[PDB]
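Q: Protein chains in written order, with the UniProt record's numbering: chain Z, 7 to 159, 162 to 210; chain F, 7 to 157, 164 to 210.
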Amino acid sequence: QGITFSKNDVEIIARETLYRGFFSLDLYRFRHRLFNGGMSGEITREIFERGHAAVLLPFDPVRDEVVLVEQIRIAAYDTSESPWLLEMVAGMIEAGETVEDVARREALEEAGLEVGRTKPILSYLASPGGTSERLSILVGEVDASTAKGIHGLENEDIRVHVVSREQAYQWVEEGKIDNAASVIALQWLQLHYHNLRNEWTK
Amino acid sequence: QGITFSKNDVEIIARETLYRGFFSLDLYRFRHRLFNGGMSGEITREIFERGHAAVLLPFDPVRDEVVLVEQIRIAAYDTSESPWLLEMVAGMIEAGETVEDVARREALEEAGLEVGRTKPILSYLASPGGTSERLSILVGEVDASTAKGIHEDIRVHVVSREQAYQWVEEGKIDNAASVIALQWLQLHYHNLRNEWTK
Ligand SMILES: Nc1ncnc2c1ncn2[C@@H]1O[C@H](COP(=O)(O)OP(=O)(O)O)[C@@H](O)[C@H]1O
Ligand SMILES: Nc1ncnc2c1ncn2[C@@H]1O[C@H](COP(=O)(O)OP(=O)(O)O)[C@@H](O)[C@H]1O
Numbered sequence: 007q008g009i010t011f012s013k014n015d016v017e018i019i020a021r022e023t024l025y026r027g028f029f030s031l032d033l034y035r036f037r038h039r040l041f042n043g044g045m046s047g048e049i050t051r052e053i054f055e056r057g058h059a060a061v062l063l064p065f066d067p068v069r070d071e072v073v074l075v076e077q078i079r080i081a082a083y084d085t086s087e088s089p090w091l092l093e094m095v096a097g098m099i100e101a102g103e104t105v106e107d108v109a110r111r112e113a114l115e116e117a118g119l120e121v122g123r124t125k126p127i128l129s130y131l132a133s134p135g136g137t138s139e140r141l142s143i144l145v146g147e148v149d150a151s152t153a154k155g156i157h158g159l162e163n164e165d166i167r168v169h170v171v172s173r174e175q176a177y178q179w180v181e182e183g184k185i186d187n188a189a190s191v192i193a194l195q196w197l198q199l200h201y202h203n204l205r206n207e208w209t210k
Numbered sequence: 007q008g009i010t011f012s013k014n015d016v017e018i019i020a021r022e023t024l025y026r027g028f029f030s031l032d033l034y035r036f037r038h039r040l041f042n043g044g045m046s047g048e049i050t051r052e053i054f055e056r057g058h059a060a061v062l063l064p065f066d067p068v069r070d071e072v073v074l075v076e077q078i079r080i081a082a083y084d085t086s087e088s089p090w091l092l093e094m095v096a097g098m099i100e101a102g103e104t105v106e107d108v109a110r111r112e113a114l115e116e117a118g119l120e121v122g123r124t125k126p127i128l129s130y131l132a133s134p135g136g137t138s139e140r141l142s143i144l145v146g147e148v149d150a151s152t153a154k155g156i157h164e165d166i167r168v169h170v171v172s173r174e175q176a177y178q179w180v181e182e183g184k185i186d187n188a189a190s191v192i193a194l195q196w197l198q199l200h201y202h203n204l205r206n207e208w209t210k
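#1: Within the segment 23 to 83 of chain F, note down every full beta strand (DSSP E) run reaching 3 residues or more, in order along the chain.
#2: Between the segment 194 to 210 of chain Z and chain F, which residues of the former have a C-beta closer than 8 Å to a C-beta of the latter?
#3: Can you name the residues of chain Z whose CB is closer than 9 Å to the CB of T137 (chain F)?
#4: Between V16 (chain Z) and chain F, is there a C-beta pair that is closer than 9 Å?
#5: In whole angstroms, what is the alpha-carbon distance linking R51 (chain F) and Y83 (chain Z)?
#6: Assign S88 (chain Z) to buried or exposed, taking buried as 16 or more other Cβ atoms, counted over all protein chains shown, within 10 Å of its Cβ.
#7: Should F28 (chain F) be labelled buried (16 or more other beta-carbon atoms within 10 Å of its own) or exposed?
#8: Taking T209 (chain Z) as part of the alpha helix (DSSP H), name the residues at either end of that continuous run.
#9: Going straight from the alpha carbon of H202 (chain Z) to that of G8 (chain F), what length do you get?
#10: Can you check which of these residues, F:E106, F:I53, F:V95, is closest to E115 (chain F) by C-alpha distance?
#11: For ligand 2, I want to know if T50 (chain F) counts as a neighbour, meaning its beta carbon is within less than 8 Å of at least one of the ligand's heavy atoms.
#12: Within the same chain, show all residues whose beta-carbon is closer than 7 Å to that of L119 (chain F), passing over the 5 residues directly before and after it, in chain order.
#13: Using 8 Å as the threshold, is the segment 180 to 199 of chain F in touch with the segment 121 to 141 of chain Z, meaning 3 or more CB pairs across them?
#14: What is the DSSP secondary structure of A96 (chain F), counted as helix, strand or coil?
#15: Under a Cβ-count criterion, where at least 16 other Cβ atoms within 10 Å of its own Cβ denotes burial, should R167 (chain Z) be classed as buried or exposed?
#16: Taking the alpha carbon of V68 (chain F) as the reference point, which residue from F:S46, F:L194, F:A59, F:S172 has its own alpha carbon closest?
#17: Taking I192 (chain Z) as the query, report the chain F residues whose CB atoms sit under 8 Å from its CB, ordered along the chain.
#18: Whose CA, out of Z:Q77, Z:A59, Z:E17, lies closest to the CA of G97 (chain Z)?
#19: Return the first residue and the last residue of the beta strand (DSSP E) that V170 (chain Z) is part of.
#20: Using CA atoms only, rank isn't needed, just tell me which of Z:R79, Z:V61, Z:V16 is closest to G44 (chain Z).
#21: Closer than 7 Å, Cβ to Cβ, to anything on chain F: give me those residues from the segment 100 to 118 of chain Z, in chain order.
#22: Would you list the one or two residues that DSSP bridges to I156 (chain Z)?
#23: Using the C-alpha atoms, what's the distance from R37 (chain F) back to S46 (chain F)?
#24: Consult DSSP for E120 (chain Z) and reduce its assignment to one of helix, strand or coil.
#25: Quick one: what does DSSP say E181 (chain F) is sitting in, helix, strand or coil?
#26: May I ask whether a heavy atom of ligand 3 can be found less than 8 Å away from the beta carbon of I9 (chain F)?
#27: For a cutoff of 9 Å on Cβ pairs, would you count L62 (chain F) as touching chain Z?
#28: Would you say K154 (chain Z) reaches chain F, if we count a Cβ-Cβ gap shorter than 9 Å as a contact?
#29: Looking only at DSSP bridge pairs, what is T137 (chain Z) linked to?
#30: Suppose contacts are defined by Cβ-Cβ distances below 9 Å. Is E71 (chain Z) in contact with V170 (chain Z) by that definition?
#31: Report yes or no: is there a C-beta of chain Z within less than 9 Å of the C-beta of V180 (chain F)?
#32: Under a Cβ-count criterion, where at least 16 other Cβ atoms within 10 Å of its own Cβ denotes burial, should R123 (chain Z) be classed as buried or exposed?
#33: When we look at the beta-carbon of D107 (chain F) and count the other beta-carbons within 10 Å, is it buried (16 or more) or exposed?
#34: If you draw a straight line from the alpha carbon of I19 (chain F) to that of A81 (chain Z), how long is it in whole angstroms?
#35: May I ask you to report which of helix, strand or coil DSSP gives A101 (chain F)?
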């Protein structure tokens, strides 16, 4: 059961940068084994390269509350009612950094929050047909009574919102929260909150 | 309650396509209202533009089974054990096409599955800091005993819902579309099975 082939079964022949900016778009050239027993010819694919991210679900297990951050994401404009989105604390992971270090720094910068205990949620590929981006989600213990106000640096303007867990999940169901990181984190929380609250309120 | 500002509160000054091949790399220049009052300066952002997708979770409510499709996704290589991923059926939405039409077509093309009833799951932005992509997920009723074969090189897998969900927990399924769909299924399968096996 499970997948069929490993890295022994694919060769990346070359990568060619197509666009070099803040992010990049690369052409990967590769060959790989086929399910029918053969080898592919040389395949090329365009891949959006933007590094990888740490994501923090700020959860108050005493109050059963979730902290959301609101900020504009202009890429949402063409398909969304508003480009202002309700999201998880998050940031890019630079060389040598840990997911936790980034999550804690961003919790302070984006939401004014200290974080207590932390546990992994899941690490996922955002859209692996066209981007390499991986985002690694943690849940972080917070005191939601300390979450409030306007944060961010400059080019960054972020409003904190505090909701109950059930309210946040209702917002997912209704489409008011509709970005992958937040949907994944809040679905996970709906599946795990009973044990998590028990663990963190012993 | 909820969000603070609307499209009346942002001005998109310019858009440019800086790279066009199979996909596009766009540059947006804009200014927007600030929470404390007033308007930002001009901001520029690179946006990966690839259109939008329909996704189908193939669920057999009689058997409590899901059909997964396996194919190489080279973008996964640098951060994954293998670039071959277990995924939901999916495809691009072309002009004037509906999510449902694309989902049903891709289920046949990628997995050989006829779909019965469908229901919406959720529609989500994959990574809206850097890509415009939206994906809209449906759950589709299938007979998993009909799913087999090779179907772009794609292998069809049938597993119990419980195994697919445990693979999410274990990190063996770790692409957004599948994680979202299977967590939704874990939250909703009991009512869905009742609804579809009357
Ligand atoms: N990253 C990419 N770069 C270049 N071409 C692509 C890429 N992804 C998909 N395509 C083209 O689209 C076709 C169908 O895409 P597919 O592999 O089914 O992925 P998806 O269904 O997510 O678009 C492929 O055979 C390929 O020719
Ligand atoms: N899509 C993008 N295009 C260009 N630059 C970006 C993009 N995303 C992030 N950056 C750069 O990285 C910085 C930190 O990213 P982030 O805090 O996620 O964005 P924002 O400032 O919009 O909240 C931004 O201030 C910006 O300078």
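Just so you know, even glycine gets a beta-carbon here, dropped at the ideal spot from N, CA and C.
A: In short:
#1: Counting only unbroken stretches of 3 or more residues, the beta strand (DSSP E) elements lying wholly within the segment 23 to 83 of chain F are 30 to 38, 49 to 55, 59 to 66, 71 to 78, in sequence order.
#2: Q195, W196, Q198, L199
#3: Numbered from 1 along the second sequence, position 131 holds the residue referred to as residue 137 (chain F). Under the 9 Å cutoff, chain Z gives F54, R56, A81, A132, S133, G136, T137, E139.
#4: As a first step, residue 16 (chain Z) is located in the first sequence; it is residue number 10 there, counting from the start. Taking Cβ atoms only, chain F reaches closer than 9 Å to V16 (chain Z), which makes this a yes.
#5: Residue 51 (chain F) sits at position 45 when you count from the first residue of the second sequence. Residue 83 (chain Z) sits at position 77 when you count from the first residue of the first sequence. Distance between the alpha carbons of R51 (chain F) and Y83 (chain Z) is about 13 Å.
#6: Looking up residue 88 (chain Z) in the first sequence gives position 82. Residue burial is scored here from C-beta neighbours: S88 (chain Z) has at least 16 other C-beta atoms within 10 angstroms and is therefore classed as buried.
#7: Here residue 28 (chain F) refers to the residue found at position 22 when the second sequence is read from its first residue. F28 (chain F) is exposed by the Cβ-count criterion.
#8: Residue numbering aside, residue 209 (chain Z) sits at position 201 when the first sequence is read from its first letter. Run containing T209 (chain Z): 188 to 209, per the alpha helix (DSSP H) assignment.
#9: Locating residue 202 (chain Z) in the first sequence gives position 194, where the first residue counts as 1. Locating residue 8 (chain F) in the second sequence gives position 2, where the first residue counts as 1. Going from the Cα of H202 (chain Z) to the Cα of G8 (chain F) covers about 26 Å.
#10: Within the second sequence, residue 115 (chain F) is the residue found at index 109, counting from 1. Out of F:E106, F:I53, F:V95, F:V95 has the C-alpha closest to the C-alpha of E115 (chain F).
#11: As a position in the second sequence, residue 50 (chain F) is number 44, starting the count at 1. Yes, Cβ of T50 (chain F) sits closer than 8 Å to a heavy atom of ligand 2.
#12: Position 113 of the second sequence, counted from the first residue, corresponds to residue 119 (chain F). Hits under 7 Å: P64, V73, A113, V148, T152, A153.
#13: yes
#14: In the second sequence, residue 96 (chain F) corresponds to position 90, counting from 1. Three-state DSSP puts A96 (chain F) in a strand.
#15: Stepping through the first sequence from its first residue, residue 167 (chain Z) is reached at position 159. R167 (chain Z) comes out buried.
#16: The sequence position of residue 68 (chain F) within the second sequence is 62, counting from 1. Here the closest residue by C-alpha is F:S172.
#17: If you number the first sequence from 1, residue 192 (chain Z) lands on position 184. Chain F residues near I192 (chain Z): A188, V191, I192, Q195.
#18: Along the first sequence, one-based indexing puts residue 97 (chain Z) at 91. Of the candidates Z:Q77, Z:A59, Z:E17, the residue whose Cα lies closest to the Cα of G97 (chain Z) is Z:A59.
#19: On the first sequence, position 162 is the one that residue 170 (chain Z) refers to. Taken as a continuous stretch (DSSP letters only), the beta strand (DSSP E) holding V170 (chain Z) covers 166 to 172.
#20: Along the first sequence, read from residue 1 onward, the residue named residue 44 (chain Z) stands at position 38. Residue Z:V16 is the option with its Cα nearest to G44 (chain Z).
#21: Within the segment 100 to 118 of chain Z, no residue has a Cβ that lies closer than 7 Å to any Cβ of chain F.
#22: The residue you call residue 156 (chain Z) lines up with position 150 of the first sequence. Answer is Z:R167, bridged to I156 (chain Z).
#23: For the purposes of this step, residue 46 (chain F) is taken as the residue at position 40 of the second sequence. For the purposes of this step, residue 37 (chain F) is taken as the residue at position 31 of the second sequence. If you take the alpha carbons of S46 (chain F) and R37 (chain F), they lie about 5 Å apart.
#24: Reading the first sequence from its first residue, position 114 is the one you call residue 120 (chain Z). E120 (chain Z) carries a coil assignment under DSSP once its states are collapsed to helix, strand and coil.
#25: Translated into the one-based positions of the second sequence, residue 181 (chain F) becomes position 169. Helix, per DSSP.
#26: Inclusion of ligand 3 in the displayed structure is not the case, the ligand content consisting of ligand 1 and ligand 2 alone.
#27: As a working mapping, residue 62 (chain F) is identified with position 56 in the second sequence. No, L62 (chain F) does not count as interfacial toward chain Z.
#28: In the first sequence, residue 154 (chain Z) corresponds to position 148, counting from 1. No, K154 (chain Z) lies away from the interface with chain F (no Cβ there is under 9 Å from its Cβ).
#29: On the first sequence, residue 137 (chain Z) is found 131 positions in, with the first residue counted as 1. According to DSSP, which records beta bridges pairwise, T137 (chain Z) is partnered with Z:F54.
#30: For the purposes of this step, residue 71 (chain Z) is taken as the residue at position 65 of the first sequence. For the purposes of this step, residue 170 (chain Z) is taken as the residue at position 162 of the first sequence. Yes, these two residues count as a Cβ contact at 9 Å.
#31: Along the second sequence, read from residue 1 onward, the residue named residue 180 (chain F) stands at position 168. Cβ-Cβ to chain Z under 9 Å: yes for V180 (chain F).
#32: Stepping through the first sequence from its first residue, residue 123 (chain Z) is reached at position 117. Classification for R123 (chain Z): exposed.
#33: To locate residue 107 (chain F), count along the second sequence from 1; it is residue 101. Exposed is the call here.
#34: As a working mapping, residue 19 (chain F) is identified with position 13 in the second sequence. As a working mapping, residue 81 (chain Z) is identified with position 75 in the first sequence. Whole-angstrom Cα-Cα distance: 14 Å.
#35: In the second sequence, residue 101 (chain F) corresponds to position 95, counting from 1. Of the three classes helix, strand and coil, the one that applies to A101 (chain F) here is coil, per DSSP.
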